[PDB]
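As a starting point, one isolated chain is supplied in structure tokens, in the form deposited in one PDB entry.
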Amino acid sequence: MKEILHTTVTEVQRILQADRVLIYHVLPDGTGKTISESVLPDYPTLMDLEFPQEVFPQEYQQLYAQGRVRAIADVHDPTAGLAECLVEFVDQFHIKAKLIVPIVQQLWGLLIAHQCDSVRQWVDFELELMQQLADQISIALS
């Protein structure tokens, strides 16, 4: 399953030509953590870093359990909807755009793409494609 999640993020990174693709998993204590990552070598491996424990709030569990994709073209646009607690994070890791799709069975996790070199207008077919990839991960888990 660890090799399957690695294969998936690597293939999704190549398909989107994203700077990073990762899978973020919600743990039974209500914390969240990156568990698989493919990143272009000009950027850090987030999995190699020693992050403090991170609460994944009930607000976002209840949102993402509903299944909908969130495309954020420009994380610095004050109307684009980046969570306020992530403002310092996107600055420190030079994340400019992100694409988030929930992995649901009950939220298991999120498939997330980053653009780092530019803002990125994600287009409708890419949001549908990530929904299909999230469905493929859920089917694999079953």
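In this text, the rigid core denotes the largest set of C-alpha atoms whose superposition between the two forms falls within 1.5 Å. Note that residue numbering begins at 1 and tracks the sequence as displayed.
Below: the form deposited in another entry, not depicted.
- Once you line up the core between the shown form and the other one, the CA of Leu82 is the only one from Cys116, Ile100, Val26, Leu82 that shifts by 2 Å or more.
- Core-aligned CA deviation for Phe56 between the shown form and the other one: 2 Å or greater.
- Cα of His25 to Cα of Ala83: at least 3 Å longer in the other form than in the shown structure.
- CA of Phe56 to CA of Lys96: closer by 3 Å or more in the other form than in the shown form.
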